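Encoded as structure tokens, the structure appears first; notes follow it.
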Amino acid sequence: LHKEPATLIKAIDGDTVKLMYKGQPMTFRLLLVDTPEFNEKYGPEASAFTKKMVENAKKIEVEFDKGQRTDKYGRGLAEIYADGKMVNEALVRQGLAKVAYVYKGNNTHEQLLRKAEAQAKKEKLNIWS
Ligand SMILES: Cc1cn([C@H]2C[C@H](OP(=O)(O)O)[C@@H](COP(=O)(O)O)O2)c(=O)[nH]c1=O
Ligand SMILES: [Ca+2]
């Protein structure tokens, strides 16, 4: 795939972020993960983790996969990178996201994310405790 520039507009929760992409506002939903909603257990913690990651990054990049680029809600379906670090893998590896929502086309980093999940699970992190 190929990484593309974007600028942060605002953090939203663990797996959604509003970015400026191609000069336009756009809500992005992280591919291949599911963070708790804010009102749920580890919701505030996943929200804060993502917010930290995007806000402290000098460089935000987005990466579409080979399947669908936008969801039914108009949300961009991407890997988000913060100074080269994938936010999707970061959450899973700390047990703040479960691997979930695996569609054909958009599963390039599925096995990468699953690896991080086992590791969080063995370490009994957050969600897995
Ligand atoms: C992650 C992801 C979610 N979705 C849709 C399906 C789910 O629909 P429903 O809202 O009808 O359940 C919803 C889950 O996102 P949230 O986890 O943000 O709610 O977003 C996709 O279509 N493709 C995707 O890659
Ligand atoms: Ca969610």
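We name chains A, B, ... following the order of the structure tokens; residues begin at 1 in each chain, and ligands are numbered from 1 as shown.
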
Produce a table with one row for each residue of chain A that has an atom at most 7 Å from any atom of ligand 1, each row naming the nearest atom pair and its distance in Å at one decimal; use only C-alpha atoms and all ligand atoms; arrange rows by chain and rising residue number; format as CSV.
```
residue,atom,partner,partner_atom_place_in_ligand_line,distance
A:15,CA,ligand 1,18 (O),6.9
A:16,CA,ligand 1,18 (O),7.0
A:29,CA,ligand 1,1 (C),6.2
A:30,CA,ligand 1,1 (C),6.3
A:31,CA,ligand 1,1 (C),5.2
A:32,CA,ligand 1,1 (C),5.8
A:33,CA,ligand 1,1 (C),6.3
A:34,CA,ligand 1,17 (O),5.5
A:71,CA,ligand 1,22 (O),4.7
A:72,CA,ligand 1,22 (O),6.0
A:77,CA,ligand 1,25 (O),5.9
A:101,CA,ligand 1,1 (C),5.0
A:102,CA,ligand 1,25 (O),6.8
A:103,CA,ligand 1,25 (O),6.6
```

Contacts of range 65-70 of chain A at 9 Å or less, counting only C-alpha atoms, minus same-chain residues fewer than 3 places along, as a list in words?
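Using only C-alpha atoms, the neighbours found are residues 1, 2, 28, 29, 31, 73, 74, 75, 76, 77, 78, 79, 103, 104, 105, 106, 107 and 108 of chain A.
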
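With CA of residue 129 in chain A on one side and CA of residue 51 in chain A on the other, the separation reads 22.8 Å.
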
Can you list, as a CSV table (one decimal) with N, CA, C and O atoms, in the first residue's frame, all residues belonging to chain A that DSSP tags as strand (DSSP E)?
```
chain,number,residue,atom,x,y,z
A,4,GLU,N,-0.2,8.2,3.0
A,4,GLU,CA,-0.6,9.4,2.5
A,4,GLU,C,-0.7,10.4,3.7
A,4,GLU,O,-1.0,10.1,4.8
A,5,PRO,N,-0.4,11.7,3.4
A,5,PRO,CA,-0.4,12.7,4.4
A,5,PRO,C,-1.9,13.0,4.9
A,5,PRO,O,-2.8,12.9,4.2
A,6,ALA,N,-2.0,13.4,6.2
A,6,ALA,CA,-3.2,14.0,6.8
A,6,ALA,C,-2.8,14.8,8.0
A,6,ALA,O,-1.8,14.6,8.6
A,7,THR,N,-3.6,15.8,8.3
A,7,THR,CA,-3.4,16.6,9.5
A,7,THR,C,-4.6,16.3,10.5
A,7,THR,O,-5.7,16.2,10.1
A,8,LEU,N,-4.3,16.3,11.8
A,8,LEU,CA,-5.3,16.1,12.8
A,8,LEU,C,-6.2,17.3,12.9
A,8,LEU,O,-5.7,18.5,13.0
A,9,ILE,N,-7.5,17.1,12.9
A,9,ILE,CA,-8.5,18.1,13.3
A,9,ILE,C,-8.8,17.9,14.7
A,9,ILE,O,-8.6,18.9,15.5
A,10,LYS,N,-9.3,16.7,15.1
A,10,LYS,CA,-9.5,16.4,16.5
A,10,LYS,C,-9.6,14.9,16.7
A,10,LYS,O,-10.1,14.2,15.8
A,11,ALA,N,-9.1,14.4,17.8
A,11,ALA,CA,-9.4,13.1,18.4
A,11,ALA,C,-10.9,12.9,18.7
A,11,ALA,O,-11.6,13.9,19.1
A,12,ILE,N,-11.4,11.7,18.5
A,12,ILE,CA,-12.8,11.4,18.8
A,12,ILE,C,-13.1,10.3,19.8
A,12,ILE,O,-13.8,10.5,20.7
A,13,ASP,N,-12.6,9.1,19.6
A,13,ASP,CA,-12.5,8.1,20.6
A,13,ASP,C,-11.4,7.1,20.1
A,13,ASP,O,-10.6,7.4,19.3
A,16,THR,N,-11.9,6.1,16.2
A,16,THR,CA,-12.3,7.2,15.3
A,16,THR,C,-11.5,8.5,15.5
A,16,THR,O,-11.3,8.9,16.6
A,17,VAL,N,-11.0,9.1,14.4
A,17,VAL,CA,-10.3,10.3,14.5
A,17,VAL,C,-10.7,11.2,13.3
A,17,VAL,O,-11.0,10.7,12.2
A,18,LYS,N,-10.9,12.5,13.6
A,18,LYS,CA,-11.2,13.5,12.5
A,18,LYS,C,-9.9,14.1,12.0
A,18,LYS,O,-9.2,14.8,12.8
A,19,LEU,N,-9.6,13.9,10.7
A,19,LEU,CA,-8.4,14.4,10.1
A,19,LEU,C,-8.7,15.3,8.9
A,19,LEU,O,-9.8,15.2,8.3
A,20,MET,N,-7.8,16.1,8.5
A,20,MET,CA,-7.8,16.8,7.2
A,20,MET,C,-7.1,16.0,6.2
A,20,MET,O,-5.8,15.8,6.3
A,21,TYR,N,-7.8,15.5,5.2
A,21,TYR,CA,-7.2,14.6,4.2
A,21,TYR,C,-7.6,15.2,2.8
A,21,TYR,O,-8.7,15.6,2.5
A,24,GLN,N,-9.6,18.4,3.1
A,24,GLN,CA,-11.0,18.3,3.5
A,24,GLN,C,-11.2,17.6,4.9
A,24,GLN,O,-10.5,16.7,5.1
A,25,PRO,N,-12.1,18.1,5.7
A,25,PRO,CA,-12.4,17.3,6.9
A,25,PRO,C,-13.0,15.9,6.6
A,25,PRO,O,-13.8,15.8,5.7
A,26,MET,N,-12.5,15.0,7.4
A,26,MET,CA,-13.0,13.6,7.3
A,26,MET,C,-12.8,12.8,8.6
A,26,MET,O,-11.7,12.8,9.1
A,27,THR,N,-13.8,12.1,9.0
A,27,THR,CA,-13.8,11.1,10.1
A,27,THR,C,-13.2,9.8,9.6
A,27,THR,O,-13.6,9.2,8.6
A,28,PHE,N,-12.2,9.3,10.3
A,28,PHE,CA,-11.5,8.1,9.9
A,28,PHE,C,-11.8,7.0,11.0
A,28,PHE,O,-11.5,7.3,12.2
A,29,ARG,N,-12.2,5.9,10.6
A,29,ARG,CA,-12.4,4.7,11.5
A,29,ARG,C,-11.2,3.7,11.2
A,29,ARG,O,-10.9,3.3,10.1
A,30,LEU,N,-10.5,3.4,12.3
A,30,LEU,CA,-9.4,2.5,12.2
A,30,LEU,C,-9.8,1.1,11.7
A,30,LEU,O,-10.8,0.6,12.1
A,33,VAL,N,-9.9,-3.1,13.8
A,33,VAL,CA,-10.0,-3.0,15.3
A,33,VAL,C,-11.4,-2.6,15.8
A,33,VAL,O,-12.2,-2.1,15.1
A,34,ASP,N,-11.5,-2.9,17.1
A,34,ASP,CA,-12.7,-2.4,17.8
A,34,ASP,C,-12.3,-2.0,19.3
A,34,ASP,O,-11.9,-2.8,20.1
A,60,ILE,N,1.2,12.9,10.8
A,60,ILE,CA,0.1,11.9,10.7
A,60,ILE,C,0.0,11.5,9.2
A,60,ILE,O,-0.1,12.3,8.3
A,61,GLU,N,-0.1,10.2,9.0
A,61,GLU,CA,-0.3,9.6,7.7
A,61,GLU,C,-1.4,8.7,7.7
A,61,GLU,O,-1.7,8.1,8.8
A,62,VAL,N,-2.1,8.5,6.6
A,62,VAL,CA,-3.2,7.6,6.4
A,62,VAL,C,-2.8,6.6,5.3
A,62,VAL,O,-2.2,6.9,4.3
A,63,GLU,N,-3.3,5.4,5.5
A,63,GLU,CA,-3.1,4.3,4.5
A,63,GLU,C,-4.4,3.5,4.3
A,63,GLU,O,-4.9,2.8,5.2
A,64,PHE,N,-4.9,3.7,3.1
A,64,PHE,CA,-6.0,2.9,2.7
A,64,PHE,C,-5.5,1.5,2.2
A,64,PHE,O,-4.4,1.4,1.8
A,76,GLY,N,-13.8,7.3,6.6
A,76,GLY,CA,-12.6,6.8,5.9
A,76,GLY,C,-12.1,5.6,6.6
A,76,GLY,O,-11.9,5.6,7.9
A,77,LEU,N,-11.8,4.5,5.9
A,77,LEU,CA,-11.4,3.2,6.5
A,77,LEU,C,-9.9,3.0,6.2
A,77,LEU,O,-9.5,2.6,5.1
A,78,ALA,N,-9.0,3.4,7.2
A,78,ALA,CA,-7.6,3.4,7.1
A,78,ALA,C,-6.8,2.9,8.3
A,78,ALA,O,-7.3,2.8,9.4
A,79,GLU,N,-5.5,2.6,8.0
A,79,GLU,CA,-4.5,2.6,9.0
A,79,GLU,C,-4.0,4.0,9.2
A,79,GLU,O,-3.8,4.7,8.3
A,80,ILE,N,-4.0,4.4,10.5
A,80,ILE,CA,-3.4,5.8,10.8
A,80,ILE,C,-2.0,5.6,11.5
A,80,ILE,O,-1.9,4.7,12.4
A,81,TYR,N,-1.1,6.3,11.0
A,81,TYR,CA,0.3,6.3,11.5
A,81,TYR,C,0.7,7.6,12.1
A,81,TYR,O,0.4,8.7,11.6
A,82,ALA,N,1.4,7.5,13.2
A,82,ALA,CA,1.8,8.7,14.0
A,82,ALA,C,3.3,8.6,14.2
A,82,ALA,O,3.8,7.9,15.0
A,85,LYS,N,4.3,5.2,13.4
A,85,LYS,CA,3.8,4.1,14.2
A,85,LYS,C,2.3,3.9,14.0
A,85,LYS,O,1.6,4.9,14.0
A,86,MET,N,1.9,2.7,13.7
A,86,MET,CA,0.5,2.4,13.4
A,86,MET,C,-0.3,2.4,14.7
A,86,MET,O,0.0,1.7,15.6
A,98,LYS,N,-9.7,-4.9,20.4
A,98,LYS,CA,-9.8,-6.3,19.8
A,98,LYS,C,-9.7,-6.2,18.3
A,98,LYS,O,-10.3,-5.3,17.7
A,99,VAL,N,-9.0,-7.2,17.7
A,99,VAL,CA,-9.1,-7.4,16.3
A,99,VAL,C,-10.5,-7.9,16.0
A,99,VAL,O,-11.1,-8.7,16.7
```

Choose the residue, out of A:128, A:57, A:97, A:83, that has the smallest atom-to-atom separation from ligand 2; count only C-alpha atoms and all ligand atoms.
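Result for the nearest residue to ligand 2: A:97.
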
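Counting from CA of residue 49 in chain A, the distance to CA of residue 88 in chain A is 11.1 Å.
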
Test item, helix (DSSP H, G or I) assignment across chain A, answer as a CSV table (one decimal) with C-alpha atoms, in the first residue's frame:
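Now in selection28.csv:
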```csv
chain,number,residue,atom,x,y,z
A,43,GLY,CA,-13.3,3.2,26.8
A,44,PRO,CA,-11.8,6.3,28.4
A,45,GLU,CA,-8.4,4.6,28.4
A,46,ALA,CA,-8.5,3.6,24.7
A,47,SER,CA,-9.8,7.1,23.8
A,48,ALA,CA,-7.0,8.8,25.8
A,49,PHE,CA,-4.3,6.4,24.3
A,50,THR,CA,-5.3,7.3,20.7
A,51,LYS,CA,-5.7,11.0,21.5
A,52,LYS,CA,-2.1,11.0,22.9
A,53,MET,CA,-0.8,9.3,19.9
A,54,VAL,CA,-2.3,11.5,17.3
A,55,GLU,CA,-1.9,14.8,19.2
A,56,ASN,CA,1.8,14.3,20.0
A,87,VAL,CA,-2.2,3.4,15.9
A,88,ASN,CA,-4.2,0.3,15.0
A,89,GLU,CA,-1.5,-2.1,16.1
A,90,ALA,CA,-0.6,0.1,19.1
A,91,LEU,CA,-4.1,-0.2,20.7
A,92,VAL,CA,-4.3,-4.0,20.1
A,93,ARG,CA,-0.8,-4.6,21.5
A,110,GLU,CA,-4.8,-8.6,9.9
A,111,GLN,CA,-2.1,-11.1,10.9
A,112,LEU,CA,0.2,-8.3,12.2
A,113,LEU,CA,-2.7,-7.1,14.4
A,114,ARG,CA,-3.5,-10.7,15.5
A,115,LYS,CA,0.1,-11.2,16.6
A,116,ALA,CA,-0.1,-8.0,18.8
A,117,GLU,CA,-3.4,-9.3,20.3
A,118,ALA,CA,-1.9,-12.7,21.4
A,119,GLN,CA,0.9,-10.7,23.0
A,120,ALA,CA,-1.5,-8.4,24.9
A,121,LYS,CA,-3.5,-11.5,25.9
A,122,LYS,CA,-0.5,-13.3,27.3
A,126,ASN,CA,-6.4,-4.1,30.1
A,127,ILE,CA,-9.3,-5.7,28.1
A,128,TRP,CA,-7.6,-9.1,28.6
```

With distances taken over only C-alpha atoms and all ligand atoms, which of A:37, A:125, A:3, A:22 is nearest to ligand 2?
A:37

Which distance in Å separates CA of residue 100 in chain A and CA of residue 58 in chain A, to one decimal?
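CA of residue 100 in chain A sits 28.6 Å away from CA of residue 58 in chain A.
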